[PDB]
Amino acid sequence: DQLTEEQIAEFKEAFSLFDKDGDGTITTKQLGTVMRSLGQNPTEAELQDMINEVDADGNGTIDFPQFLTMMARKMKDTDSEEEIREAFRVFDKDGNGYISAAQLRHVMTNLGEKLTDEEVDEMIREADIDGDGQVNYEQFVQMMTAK
Amino acid sequence: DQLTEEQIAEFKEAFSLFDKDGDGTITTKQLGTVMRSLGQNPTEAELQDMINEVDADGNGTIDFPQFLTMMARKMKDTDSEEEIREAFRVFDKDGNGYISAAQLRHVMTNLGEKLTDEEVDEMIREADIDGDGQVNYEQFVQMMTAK
Amino acid sequence: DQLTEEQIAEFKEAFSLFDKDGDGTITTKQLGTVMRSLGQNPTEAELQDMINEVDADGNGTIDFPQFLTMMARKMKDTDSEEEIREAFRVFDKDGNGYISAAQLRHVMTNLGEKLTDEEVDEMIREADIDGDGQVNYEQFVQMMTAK
Amino acid sequence: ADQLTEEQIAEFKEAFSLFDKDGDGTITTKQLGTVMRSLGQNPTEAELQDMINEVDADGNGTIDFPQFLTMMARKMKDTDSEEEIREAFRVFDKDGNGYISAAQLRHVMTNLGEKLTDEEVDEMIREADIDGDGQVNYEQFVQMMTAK
Amino acid sequence: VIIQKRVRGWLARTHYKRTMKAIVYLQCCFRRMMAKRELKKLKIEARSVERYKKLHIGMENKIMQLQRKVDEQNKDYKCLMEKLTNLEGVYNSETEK
Amino acid sequence: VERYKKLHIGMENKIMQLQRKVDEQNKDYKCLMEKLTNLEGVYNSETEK
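Chains as they are written, first to last, in PDB author numbering: chain F, 3 to 149; chain G, 3 to 149; chain M, 3 to 149; chain N, 2 to 149; chain A, 867 to 963; chain H, 915 to 963.
Okay, structure coming up:
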């Protein structure tokens, strides 16, 4: 299909900004970064799938028409915050919405992809609650709904 | 709030000088410049909103009471230079504030408000920015704060 | 029954008003106007009863003690506009809730107290009462709301 | 709208400076009433105390030209015609002819509404040039007032 | 893994918003510096009060309009909480019944 | 005329406070517009249900 013109312009500025050489090419790491930074939720498996499709296109770099096609692919996806909130509620051992934050960091390092120590600590002090003290992941779900 | 008489003389001087003739009614294009004459930064969105509000009077004519509204509306928001330093150094991946002049030029070209590369080069010469060496953030911050 | 200071202040203000001489002894004819403009809803028979009480008191002139006593006996009266609306409706021959101003004048003046024609016109005036057309009952509702 | 011409505001400023011997611009309650009447439109005593409270909001009851601006702006919405006032004086006359004694007018202005000072009574009696015994139209004085 | 996806999305969105805020600050402050040095260059002998003298009456008129608009906004606010109280009371009574 | 000029300067000073008051009144106006709309919608839905 065809996207909104304002959306196309926003994709253009994102492409220009995340490109550091100014040529108009995006690497796999920059591809994952822009997928995560557009707003939609990219799956790690789906991130590798998109990388593989780019490799099928070739050259290991993203041109603007390819960028628009992958924008169409990305908008074809949808994100639901109620489902991730329910998954978080199941994730908590108590299930009341309050869970130990240090245990959270340890599990997301173990289960799922290992979050980097920088990302882990950034999450820690953005949560604004002590690691030993109970934290509410529902607050994180709400701040995802806000964006 | 309350402001000194010397600054009042400063606005009166600014209004006198920005008038190429003596009749008054400096063009609305110089409008924003007049506001920047006060060492204050009105954003382009705020600039166009202010222009739209002025257009009710129309004719592209500015008046001293309208300039007082200009300065008060800008005074509604206040900013510090440390936030500007943090904004400059957060774009850099290293975080030391050292970025290549090509990176800064690309940042300028990627702006929503299009900035001429001629002005970027002029600022580079003003700050003696080196293209090959990463420019220290404090080097430009010195006359950022001097303003 | 003793009212508040502001009540007696307003009462004495009206007292000084209708006292064209300021003597303090006002005849019955002007006392009736005082009573009606003060805020009361007195029956003409009740007015004449008050006149008989004054004559028993003597001289046919009112004093502020007697005035306050008959206040105390008069504030107990209260009327609801629904009863007056029903009175107008039963005055109306068709019973649809609309009576001609000429018909209303004739019905009110032929029986009861012979109210003068000038004050009937004053009824027609200041209330947007249509002389030939049927009188709106909402006009009368507003007139009694203003009392 | 109805933007005031430079001459009018300049003359009002001159009168304000003239009345205040100090020249500092400070306005007192008596000065408030003086400028209030110098504006020339109808001033209200309840509005007088309201604006006195507004001045007290600043404190000390001492204020300058911006208070004058506030009062003139609040009074601009008020519009009155002297013909309307002179036709509304008919309700004063029970007879309605308009030829009435000045004694009853004196009694009313002394007692009705806000009490008026005795010196004010004497001033009005002297200025009206109307004999108490003779019933004389108040409209004769309303005309010379309409001159202002 | 879904938690990982959400965390990456949030991280990158926050970085993105920080980048736009930084870029806006940088461009606006660059414009401020350039206009400031333009003004410094444009410094000349002195001013003329007579220009302010004519504009004083305009400021008078705008002040008049200021108190006016204050008054109409106040009246609108009066009607506003009147309507607010009416709706609150009516709907509260209806809901309770 | 010196007091004249000094009071003109004070008048020029006064403008900003008035403008600030206008802006704050506008903010309150829009805020309670929003409050009115939200309350009306919630009450309507509750009454209907």
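Ideal Cβ placement from N, Cα and C applies to all residues, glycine included.
Nearest to residue i (by Cα), restricted to the options the options
i: residue 150 of chain G; options: G:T27, G:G114, G:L19; result: No statement about residue 150 of chain G is possible, as the shown extent of chain G runs from 3 to 149 and does not include it.
i: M925 of chain A; options: H:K920, H:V915, H:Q939, H:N927; result: H:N927
i: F13 of chain F; options: F:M72, F:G24, F:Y100; result: F:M72
i: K78 of chain N; options: A:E948, A:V936, A:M947, A:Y943; result: A:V936
i: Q933 of chain A; options: H:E954, H:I929, H:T961, H:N952; result: H:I929
i: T35 of chain N; options: N:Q141, N:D3, N:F69, N:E120; result: N:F69
i: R91 of chain F; options: F:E140, F:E15, F:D130; result: F:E140
i: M146 of chain M; options: M:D57, M:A129, M:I64; result: M:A129
i: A148 of chain F; options: A:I869, A:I868, A:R879; result: A:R879
i: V915 of chain H; options: N:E15, N:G135, N:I10; result: N:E15
i: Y918 of chain H; options: A:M886, A:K919, A:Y891; result: A:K919
Test: residue i CB closer than 8 Å to a CB of chain M
i: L117 of chain N; result: no
is_contact[residue i, chain A] using C-beta, thresh 8 Å
i: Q4 of chain N; result: yes
i: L49 of chain N; result: no
i: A74 of chain N; result: yes
i: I10 of chain N; result: yes
i: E7 of chain N; result: yes
Partner residues on chain A for residue i, Cβ-Cβ distance less than 8 Å
i: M930 of chain H; result: Going along chain A, no residue has its Cβ under 8 Å from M930 of chain H, so there is no contact; the nearest lies around 11 Å.
i: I53 of chain G; result: Those do not exist, as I53 of chain G stays about 15 Å from chain A at its closest Cβ, beyond 8 Å.
is_contact[residue i, chain H] using C-beta, thresh 8 Å
i: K78 of chain G; result: yes
i: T961 of chain A; result: yes
i: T71 of chain G; result: yes
i: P44 of chain N; result: no
Between the CA atoms of residue j and residue i - distance to the nearest angstrom
i: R75 of chain M; j: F93 of chain M; result: 31 Å
i: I28 of chain F; j: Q105 of chain G; result: 16 Å
i: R38 of chain G; j: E48 of chain G; result: 13 Å
i: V122 of chain N; j: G133 of chain N; result: 13 Å
i: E8 of chain G; j: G26 of chain G; result: 22 Å
i: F17 of chain N; j: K31 of chain G; result: 40 Å
i: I131 of chain F; j: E88 of chain G; result: 24 Å
i: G41 of chain G; j: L921 of chain H; result: 27 Å
i: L953 of chain H; j: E962 of chain H; result: 14 Å
i: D942 of chain H; j: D942 of chain A; result: 11 Å
i: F66 of chain G; j: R874 of chain A; result: 51 Å
i: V56 of chain M; j: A58 of chain N; result: 52 Å
i: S102 of chain G; j: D119 of chain G; result: 15 Å
i: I126 of chain F; j: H881 of chain A; result: 16 Å
i: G99 of chain G; j: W876 of chain A; result: 24 Å
i: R898 of chain A; j: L905 of chain A; result: 10 Å
i: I910 of chain A; j: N940 of chain H; result: 40 Å
i: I64 of chain F; j: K944 of chain H; result: 46 Å
i: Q144 of chain N; j: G62 of chain G; result: 49 Å
i: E960 of chain A; j: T951 of chain H; result: 18 Å
i: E124 of chain M; j: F142 of chain M; result: 13 Å
i: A11 of chain M; j: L5 of chain M; result: 10 Å
i: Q893 of chain A; j: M900 of chain A; result: 11 Å
i: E938 of chain A; j: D3 of chain N; result: 17 Å
i: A888 of chain A; j: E948 of chain A; result: 45 Å
i: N138 of chain G; j: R872 of chain A; result: 35 Å
Proximity test, Cβ basis, 8 Å: residue i and chain F
i: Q105 of chain G; result: yes
i: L892 of chain A; result: no
i: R884 of chain A; result: no
Residue-level contact to chain N via CB, residue i, 8 Å cutoff
i: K31 of chain M; result: no
i: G924 of chain H; result: yes
i: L921 of chain H; result: yes
i: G26 of chain M; result: no
Partner residues on chain G for residue i, Cβ-Cβ distance less than 7 Å
i: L19 of chain F; result: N112
Partner residues on chain A for residue i, Cβ-Cβ distance less than 9 Å
i: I64 of chain N; result: Going along chain A, no residue has its Cβ under 9 Å from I64 of chain N, so there is no contact; the nearest lies around 15 Å.
Residues that residue i contacts on chain H, provided the C-beta gap is smaller than 9 Å
i: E954 of chain A; result: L953, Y957
i: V936 of chain A; result: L932, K935, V936, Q939
Closer than 8 Å at the beta carbon, the chain H residues around residue i
i: residue 977 of chain A; result: Within the shown structure, residues of chain A are numbered from 867 to 963, placing residue 977 of chain A beyond reach of any answer.
i: residue 965 of chain A; result: In the structure as shown, chain A begins at 867 and stops at 963. Residue 965 of chain A is therefore absent and cannot be evaluated.
Neighbour flag for residue i against chain G, beta carbons, 8 Å
i: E15 of chain F; result: yes
Per-residue contacts from residue i into chain F (C-beta, under 7 Å)
i: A878 of chain A; result: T35, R38, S39
Contacts that residue i makes with chain F (C-beta to C-beta distance below 8 Å)
i: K871 of chain A; result: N43, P44, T45, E46
- Task: Take every Cβ of the segment 17 to 25 of chain M, pair it with every Cβ of the segment 107 to 123 of chain N, and state whether three or more of those distances are shorter than 8 Å.
- Result: Contact holds: three or more Cβ-Cβ distances are below 8 Å.
- Query: Does the segment 82 to 89 of chain N come close enough to the segment 49 to 62 of chain N to have 3 or more Cβ pairs within less than 8 Å?
  - Reply: With the cut-off at 8 Å, the segment 82 to 89 of chain N and the segment 49 to 62 of chain N do not touch.
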